[PDB]
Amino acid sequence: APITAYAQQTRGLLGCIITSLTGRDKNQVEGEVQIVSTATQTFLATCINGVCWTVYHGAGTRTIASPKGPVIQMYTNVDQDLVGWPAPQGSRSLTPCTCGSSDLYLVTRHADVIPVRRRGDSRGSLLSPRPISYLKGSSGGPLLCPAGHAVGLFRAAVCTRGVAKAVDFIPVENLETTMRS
């Protein structure tokens, strides 16, 4: 079947702020990707093999608000630009890509899946360029192979004149290396 995605907002600005401070989130979780925010920015986090990964440049070394209070990161790798917390109870995990697919699909925070042509183990070109603004907020999102397996997490956009033509990602292998270290 084709890769289709839908997004659902679970909380607003004020609820987010209280939760950020209390660190206690009682909301029910669902999904493979979570729309995540801090007091400064909003991005994405992807659950892969029971771990909720995201970009260190987004999460920093912060805890994640859970029903039991704040949860300390399981993995933190400033070099890999990754952080991982135990996947929230309720989330569904993606599995790393087996078949080395050349055609990948980036899922944006808007739940749009855009195809990218892999041009390296960490890069791929948007077959269809989009404004850099369209990609804002999607760091930490998954890059899926046709089978819907996780190939990588969106990290940076190769922008020019405000238009992104390529994307830089953290291949799913850096995850294992990060867990191993």
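Throughout, we count residues from 1 along the sequence that is shown.
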Higher-scoring stretch by recorded Cα B factor average, 113-121 or 63-71:
113-121
Which of the two stretches, 12-20 or 161-169, shows the higher mean Cα temperature factor in the record?
161-169
Specify which of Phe43, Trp53, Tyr134, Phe154 carries the largest Cα B factor in the deposited PDB entry.
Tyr134
From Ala147, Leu143, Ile35, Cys47, residue of greatest CA B-factor:
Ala147
Quick tally, chain-level thirds of C-alpha B-factors: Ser138 sits in the lowest
Ranking every modelled residue in this chain by its Cα temperature factor as given in the entry, which third contains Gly31?
lowest
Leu82, C-alpha B-factor rank within chain (lowest, middle or highest third):
middle
Would you check the entry's CA temperature factor for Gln89 and let me know if it's in the chain's lowest, middle or highest third?
middle
Taking the values exactly as deposited, rank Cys99 by C-alpha B-factor within its chain and report the matching third: lowest, middle or highest.
highest
